[PDB]
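Examination of the molecular architecture
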Protein chains: 2
Amino acid sequence: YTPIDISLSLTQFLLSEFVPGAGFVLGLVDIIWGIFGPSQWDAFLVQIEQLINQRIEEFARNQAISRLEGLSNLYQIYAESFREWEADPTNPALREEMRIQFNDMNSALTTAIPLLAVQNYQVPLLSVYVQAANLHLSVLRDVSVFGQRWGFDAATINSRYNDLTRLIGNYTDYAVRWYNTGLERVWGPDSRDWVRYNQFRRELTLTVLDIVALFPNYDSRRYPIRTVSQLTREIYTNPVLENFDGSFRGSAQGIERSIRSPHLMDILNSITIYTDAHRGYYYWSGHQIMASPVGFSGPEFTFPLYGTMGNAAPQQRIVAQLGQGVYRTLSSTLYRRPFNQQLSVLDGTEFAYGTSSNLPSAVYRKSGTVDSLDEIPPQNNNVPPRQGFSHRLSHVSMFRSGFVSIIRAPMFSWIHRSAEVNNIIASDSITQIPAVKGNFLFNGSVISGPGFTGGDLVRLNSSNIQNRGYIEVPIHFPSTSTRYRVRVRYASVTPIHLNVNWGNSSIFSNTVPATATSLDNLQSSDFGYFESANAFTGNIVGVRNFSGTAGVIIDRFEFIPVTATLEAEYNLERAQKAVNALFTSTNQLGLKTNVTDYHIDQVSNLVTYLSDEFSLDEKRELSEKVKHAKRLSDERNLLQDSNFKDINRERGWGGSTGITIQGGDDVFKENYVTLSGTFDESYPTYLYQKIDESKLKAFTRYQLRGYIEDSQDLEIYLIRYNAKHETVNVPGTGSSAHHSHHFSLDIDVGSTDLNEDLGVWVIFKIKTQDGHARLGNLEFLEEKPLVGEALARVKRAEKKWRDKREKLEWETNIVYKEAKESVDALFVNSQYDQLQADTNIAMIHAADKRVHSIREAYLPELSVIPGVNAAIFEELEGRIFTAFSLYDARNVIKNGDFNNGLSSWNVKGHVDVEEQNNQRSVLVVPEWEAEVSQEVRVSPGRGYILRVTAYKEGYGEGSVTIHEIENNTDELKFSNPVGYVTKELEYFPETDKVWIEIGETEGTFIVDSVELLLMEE
Amino acid sequence: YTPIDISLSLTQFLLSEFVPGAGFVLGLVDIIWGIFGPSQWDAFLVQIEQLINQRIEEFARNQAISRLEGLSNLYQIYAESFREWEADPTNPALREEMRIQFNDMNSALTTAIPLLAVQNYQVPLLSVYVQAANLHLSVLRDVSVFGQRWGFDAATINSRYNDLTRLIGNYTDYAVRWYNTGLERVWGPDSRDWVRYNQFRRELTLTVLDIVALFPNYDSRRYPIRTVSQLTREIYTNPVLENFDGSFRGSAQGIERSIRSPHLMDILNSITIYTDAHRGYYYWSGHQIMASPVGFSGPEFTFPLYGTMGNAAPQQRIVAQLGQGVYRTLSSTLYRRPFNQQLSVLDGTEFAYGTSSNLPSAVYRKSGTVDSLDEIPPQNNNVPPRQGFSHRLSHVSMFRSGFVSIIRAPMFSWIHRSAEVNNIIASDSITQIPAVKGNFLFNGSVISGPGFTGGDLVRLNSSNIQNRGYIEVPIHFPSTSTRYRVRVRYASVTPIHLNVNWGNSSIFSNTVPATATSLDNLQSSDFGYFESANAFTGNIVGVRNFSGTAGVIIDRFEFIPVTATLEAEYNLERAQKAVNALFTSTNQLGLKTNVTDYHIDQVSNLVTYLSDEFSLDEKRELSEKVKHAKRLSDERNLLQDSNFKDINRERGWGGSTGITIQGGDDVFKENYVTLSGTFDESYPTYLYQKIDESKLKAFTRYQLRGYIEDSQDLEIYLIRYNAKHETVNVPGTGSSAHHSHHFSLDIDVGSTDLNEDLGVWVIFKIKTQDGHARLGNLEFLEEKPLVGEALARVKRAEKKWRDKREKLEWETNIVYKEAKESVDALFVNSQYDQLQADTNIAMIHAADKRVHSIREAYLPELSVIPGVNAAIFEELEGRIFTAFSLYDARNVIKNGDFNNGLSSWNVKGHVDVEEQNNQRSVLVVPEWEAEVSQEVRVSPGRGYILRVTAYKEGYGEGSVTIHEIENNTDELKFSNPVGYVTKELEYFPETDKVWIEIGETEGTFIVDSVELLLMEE
Ligand SMILES: [Ca+2]
Ligand SMILES: [Ca+2]
Ligand SMILES: [K+]
Ligand SMILES: [K+]
Ligand SMILES: [K+]
Ligand SMILES: [K+]
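Heads up: these notes are all about the structure in this document. (Residues numbered from 1 in each chain as written, not as in the entry; some residues may be left out. Chains lettered and ligands numbered in written order. Heavy atoms only, no water.)

**A short note on the overall build of chain A**
Helix and strand content of chain A: 17 helices and 43 strands. Radius of gyration (C-alpha) of chain A: 48 Å, far over the 31 Å computed for a compact globule of 1017 residues. Its C-alpha atoms put chain A at 155 × 80 × 50 Å along the principal axes. Among the 1017 residues that make up chain A, the fraction classed as buried is 54%. (Helix = DSSP H or I, 4+ residues; strand = E, 2+ residues; numbered from the N terminus. Rg over C-alpha atoms; globule rule 2.2 N^0.38 Å. Buried < 20%, exposed > 50% of the residue type's maximum accessible area, 1.4 Å probe, protein only.)

Next up, the structure:
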């Protein structure tokens, strides 16, 4: 019969029937607006006014009640019109009437609510304010569903939808704010203050917060179908204190502390009660509580003894989880306060259970007349209290004092019955399980709700790895066969990566957005949602806070029944949006330049995951477009042989050993490239390609880019007017150092000239042993035309390369002449047939060094790439290689150069042949006892030239001598940056054998070549 | 017929029959020692001498061959004795002969090997050295298995077992070292140098490394039963280069680079060959290779074109994976070298396949007579080459030059056939899969093996989280029903945490030891093992490097068939060792003091995981002991109610609200405690307990300790002579900040005195809101007696507390007297019946402050704990509370104190009642227009005293006035750190009603109390 009774009846309706329709519209009239007079509105104001002890100003109060009246009358019209329209949807008069009534309803409300929020009296007005706002939200939510069907145009529906969500927030934040400051205003130091304080809290939770808690569910778009919330907050009664005919000083903090702080929800299993005695008055002195987690999903637990052990009588375990729990307490109080020792306790209490039928009430000692049901009344008056109660007993703590006065004041928590002992998932509606109904909290806290949630929330803390915040909720599924998408309501001040598990499998893991800008004063719009992409049928549900850095508030888990067509639709929209975002324009004719080749690959992946069972028509369509995008990417890609199909087959890819092409990957979806290291720095692993001038456009930046799975020591070159080069090390990822796998590199074209034919060299190099790379999706592309500084830089670069060429082209005319003449002086001039008789090796070597002083025969960066001067260097060095060949053939001495180490030589001591300047091999005689010798056949009577090219380290003299058996021995002697002397002599063997013998006196002797030749002109 | 043929025949035996027994002993004689003369040993030396071009010194060489001979003769005796003993194990003569022959065999070998390792010629001796060492290891491995059965005593078997493992390392490191420096010694700049170089490498891999690679398997204890290894190394042939009748200058680096660097193993699928033409000579100009990963577990891949495309003739795909792969190439070479252009290529090659039957050979163009089978001969000569080959063709790369001379020199990799195309797991032997046979390498490299592994290894790099190094190997199980323990051979320089997965499940995750002290020059003993604890029956196998910091080399995976009894045994030993390590001594009578209660809990967990099917007898036994340990822990534990069964039931645990006891946990196995925060700092969450002097021993340190799952703001107190206190924050873990969950805290006892009864207070406190702890397994224990500094510190602490008491005990005699007299002055002296007529509130308040200047009525740290002065403070404050009660009852004014705010008062303006010093409530008149008034009933004719206690802020005068209707109004006026004035007057009502009215002129007026009293003596 009181506002709390009325609220609880709305609360039940809102929990059980929350779904757009005539049942809803009709529900509000029957419960409230159709059946309330001005005395009912008066009654509501008095409830809070009495409490806070100050009445609303009369004009304001008068204004308030006549508005509420205006609205009863209005809404009755809207409801009656709604009803009739429902019965005949197509009747245009019934529809116009719907439109008009809606408009008028929206006017009145917008105007009347500010009059229920009037300064200085916001508090005593709140619950009624809450009423008008609950109603405002539903008409807005109506028009957003039925608007179209009534004849409103989309423009006007979205405007009023935007209003709807603007106002879920506003109205909620308002109520919550004034509840707070009303609550604080009524706090005070004594037990009397506490009674008013708690009574405020309890009454206003019942007529205010509970409704507000349901306000989100008006979001038609978030909650298209029936959606069931659960209120988990606790409310408190305290018999002893609540009708103590006095007040205990400075006790209200002590009393308030005897309420349990924020916890995971638990079921009250039993109370075991201790009787003590004072002047032959027997009383409840202490007691003990057992409890279980939600869903008896854990073992039971307990708490330290409340109050004090007593032994005046046996003790009495009262079991609470029988039927549906305890819904009522009838308590006997005792106050002995004899004229002058003092007593304030309970001598008995009945605990009564909720049942669809009947259960004997468990009595501690005796019943009494301090009925809890005055304070926590039933929600349903169509049945006995045992059936129609609103609350279950949740815990019984205690405020105590001890040995001048005795206080034993048991404190009763009542949780709302919408808080089910188990977490059962429906299948025809969205089910809301608040995270607080969980049973495993690792690295995080429960912290009291701000009022607009129905209860407390879960904080998961920031990390690092094995310290991830985690909340686990047990959940039962009546219907196995039902497919659900999970949605989570959360709050964070930063974007956080979150993983949601279901059973042992992880159904969501990505970074969700921020929603707030501080987690301390939490406002309605501070919360948000995310959902799994798919829908499924394990038996628990969980969230993990992956962030090392920030925390996250988890409100509630939401299970959303879904058909397979719905599923296929969600993913289609998602993928359709992806493909479209590749193109510049609405006609899909061009790619956005900053869309990379690899990106187009990620997006195509999305398409192939679409159902073949429900989306084929519209999936094929999408795959047309993404293939089309890709084709356009290949069009803009200026590199030949993109997929490395023809490396080395010259005008495509140039490549070395230590490369590998596999077709695909964890990362790559197309042919890609693996490069491994080298054992010698001079023999690098290289993939290169020239880009033809004819494909380039003047005065334009170009961009080399691609994707590297991972990398170490990867050397990347871009070469036109000069070479730029990155070294690139990129670690892999799972699912100095580059944090990104995308790379890019820019170069700028000046004037293009086909005749000069610069182009752009693209070169990938690895010159170390540990060393590697995995890359693909390589593009070379046109980016932007050159403007401002970049332009003047390029003009400077070309101009500067232009000046470097002229220089080079001048110095090369000198040197070539010089080298070419030195080359010619080696030969008998008759076209590369013969060496002059008297040209020696040092000469060949000297000519060689004049050839190798040619500066751009080969590109510095990678010397397999011919330079400006490749043509002319090449011909001269071949004339040189011819020359060494001729030197060798004519030498009557086998291996006189030491080019084959020591073969064809007879060696006595310790001697070595070491290479010194290019292929050039030298004999080292390190000690005088060593002897290198060769027997040579000759033509007796002919004449020979013995030529030695060598030098002498240190003291003494090096010798090459020559002889036959007995008298005919002759000698070449050497004594004294690194340069050789050439000596010779004429020898005339008497016989058919000669001996050549190399030796020395001391120090070290070094011989380049020993030659023996016929004198023949 | 050559040493390479002989080696390959041993190699096959060692791969296929590696198992202790007579088959093994008999195998070595038949293959080697029983059938070799001195010419065979000569032959071996010549193989390497010819190669390195320098013969061994004659004495050394002579010595060497006669030792090898001594050993042929000896081992023939040992083998014949082994054989005969096998046939009749119990015959004591056959057993004595076994013992003797073993001793002699061990002597000869120990003496002869140093003569095969002689300075200056270690290299040319190596392979023969390898032979003698292979043999040494097996006799050692024999005696370690059969030793006991021959009659050797355990002392001598373990000595020779220790020798065995000492020498697997030594002999391996030796061989490997000299292979290295022999190989380097023979490197050189030209193609000729390369031929010798590679020929060395290839021949010495075949006669040396391969054997050495098998050396570990001699570890009887690691390999109790048959164990099969796989050689994965590649060897190389190069037809063109290998019988080029000359040498190409500075080409050996170029040639060497045409060998593939370290890779995951792959199967050669096909070669597709390009014919070109030069002067109407048709040649192999280029070619392309396809390959697949091991087990065709991946898609195929390819490589950039080898050589150069040619079009002189069609092109020719030759398929390699037919039969068992290509085992042979017969190659035609071409050398045009016309007197003066140059050519060095192949004009044809036959590829022949390995089959149990027959397959036509695929011919490129034509066969030739450069048979690969001269270089890579068969292992089995009991069958045609097609069946008995040792190698499969593995890859064909190329060394090239191009457009003076042309070189097209295809390079053939041969992998040993023990490298199976698939990774098949046997069931009757241990199967060794080298990690290199994997198909997924993430964050790591393959790097060339050191020689003693059979092939290359896998490096997994240091991290951070989604960059864990990982190696995945595909594996087939012929027999589903077989149970295997996985063992991994690895190397690391630090202890690393490693996770091994099998299929999708993770079968090992813990930190394994270091084995090495640098990963660069890897020695035999640098490797180690770890194993899963259990044994299982997924289809791949993997290791992940969990370290953020260090790298790890993975060699090979080892699968070990096991029965269920074996399993149950492994875990029993493991748990038996755990339980024993709890006790001080061999009689399990005492606990080791540094074994914590929680530790005993971890160890009991280990016991409950033992099989009930195979271990019951010996598991029950173990559970007796661990329960016994635990019982002893409770014995030493000096805390009452360890498992928090009786908190608050006073002489056990003292506890507040916001505590919870659950029975067990992810962490705790026994009753444990959860504390949550507080809303007010003055109302903390507390668990405390005193420890009785009678349980303490003089001059001894004690230790408080326990385990905290997690914690924040946990305040821990230890109190005797003074209080020490930690604040403790401990993050949780998965499976300022404390990195450990174990805590401890120490205190020291001086002299114990039962009369003074200090004890030790143990207090857990949380005084903040965010704030929590989860702890259990709490012990208070005796640690050690006090010695040295600690002793003199404690003597100082007690002495100092002793001096603080005397002080306290002196000051308390003064104050108590003072306070007690002030208390008494309040009363009419007749036992606490009445207040003196003229004692006012300020007096009561002044007396109160003299009571509350009592210094240790309550323990500072937690004021629920009575102090020295709790008794005397308590009585006096009750006399005070009596006094306030009396003040109130006699005041004819209702609520004249403002202790119930403003009730019983009529208020006109804005006025407030604020609490100021304890419960003391004051009326604040802030403005002159305000009016607080009360109508009081009186007895006409009697006489009353109107007393006011108040003061005046600022200007003007505060008034309390009193009156009846018309002429009888009188007044108390107040004008002018925080202290009150008391005024009064005598009033005599003519009527039955009086009015009391509080007011003021301006400024602010503050009233403590207004009292009206009858004058009655
Ligand atoms: Ca030379
Ligand atoms: Ca007062
Ligand atoms: K906020
Ligand atoms: K152009
Ligand atoms: K090492
Ligand atoms: K004692």
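**A closer look at the coordination of the potassium ion (ligand 3)**
With distances of 2.4 to 2.9 Å, the protein atoms coordinating the potassium ion (ligand 3) are A:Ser518 (O), A:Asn521 (O) and A:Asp526 (OD). Within one chain, the residues donating to the potassium ion (ligand 3) are spaced in sequence as S-x2-N-x4-D. (Donors = N, O, S within 2.8 Å, 3.2 Å for Na, K, Ca; no water.)

**Overview of the environment of B:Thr812**
All names here are of chain B. Counting through the fold element by element, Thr-812 comes out in helix α15 (residues 788-824). Put simply, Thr-812 and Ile-872 are 60 residues apart on the chain and 9.9 Å apart in space, counted from C-alpha to C-alpha. Not counting residues up to four positions away in its chain, the partners in contact with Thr-812 are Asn-869 and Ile-872. Of the polar contacts made by the side chain of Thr-812, one reaches the side chain of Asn-869; its length is 3.4 Å. (Contact = heavy atoms within 4.5 Å. Polar contact = N/O pair within 3.5 Å; in protein donor to acceptor, adjacent residues only side chain to side chain.)

**Focus: the interface of chain B and chain A**
In this complex, chain B contributes 61 residues to the contact, which on the side of chain A involves 61 residues. Of the charged contacts in the structure, one is a salt bridge between B:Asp770 and A:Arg459, with a shortest N-O distance of 2.8 Å. Counting every contact that joins chain B to chain A gives 30 residue pairs in polar contact. Where the side of chain B that touches chain A is concerned, the elements lending two or more residues are α10 (252-257), β5 (301-302), β15 (440-442) and β26 (659-662) of chain B. Considered class by class, the residues forming the side of chain B that touches chain A number 22 nonpolar, 27 polar and twelve charged. Relative to β26(B), strand β5 (residues 301-302) of chain A runs antiparallel, the two sharing two bridges. Counted as the bridge partner of A:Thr302 is B:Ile661 from β26(B). (Salt bridge = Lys/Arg side-chain N within 4 Å of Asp/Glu carboxyl O. Nonpolar A, V, L, I, M, F, W, Y, C, P; charged D, E, K, R; others polar. Pairing = 2+ DSSP bridges.)

**Digging into the sheet that holds strand β18 (residues 469-474) of chain A**
All names here are of chain A. A sheet is described by the order of its strands in space; here five strands give the open sequence β15-β18-β23-β20-β21, paired in antiparallel fashion. Two strands bound the open sheet, and with one partner strand each, they are β15 (440-442) and β21 (505-512). Here the strands of the sheet are splayed against their neighbours by 10 degrees on average, with no regard to which way each runs. Here strand β20 (residues 496-502) pairs with strand β23 (residues 540-545) via five bridges, running antiparallel. Considered in β23, the bridge of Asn-501 is made with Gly-542. (Axes fitted to C-alpha atoms, helices over the stretch in contact; angles between N-to-C directions.)

**A short note on the sheet that holds β15(B)**
Residue and element names in this part refer to chain B. On the basis of which strands lie adjacent, the open sheet formed by five strands has the order β15-β18-β23-β20-β21 and antiparallel pairing. The open sheet has two edge strands, β15 and β21 (505-512), and neither has a second partner. On average, adjacent strands in this sheet sit at an angle of 10 degrees to one another, irrespective of strand direction. Two strands pair when backbone bridges link them, and β15 and strand β18 (residues 469-474) are joined in this way by three bridges, in the antiparallel orientation. Bridge pairing links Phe-442 to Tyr-470 in β18.

**Considerations on the environment of A:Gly1003**
All names here are of chain A. Inspection of the secondary structure assignment puts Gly-1003 in the loop between β42 (993-1000) and β43 (1004-1014). Overall, the relative accessible area of 31% leaves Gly-1003 in the partly exposed class. Contact partners of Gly-1003, with chain neighbours within four places excluded, come to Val-925, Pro-926, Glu-927, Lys-952, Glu-953 and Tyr-955.

**A few points about the pattern of salt bridges**
A side chain of one charge can pair with a side chain of the opposite charge when the charged atoms of the two come close. Summed over the entire model, instances satisfying the criterion amount to 104 salt bridges over all chains. For A:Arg55, the salt bridge is made with A:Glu58, and the minimal N-O distance between the two is 2.7 Å. Linking B:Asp748 and B:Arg701 is a salt bridge whose minimum nitrogen-to-oxygen distance equals 2.8 Å. A cluster of three or more residues bridged by salt bridges with shared partners is formed by A:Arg487, A:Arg489, A:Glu531, A:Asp555, A:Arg556 and A:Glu558.

**Examining helix α6 (residues 122-150) of chain B**
All names here are of chain B. Taking 1.5 Å of rise per residue, the 29 residues of α6 would be expected to cover 42 Å, yet its terminal C-alpha atoms sit only 36 Å apart, more than 12% below that figure. Its axis deflected by about 50 degrees at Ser-144, α6 carries its strongest bend there. Taken across its 29 residues, α6 has 26 buried, putting it largely inside the fold. Once α6 finishes, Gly-151 follows within two positions and takes phi at roughly 115 degrees, a positive value. (Expected span 1.5 Å × (residues − 1). Bend = angle between axes of the 7 residues up to and from the residue.)

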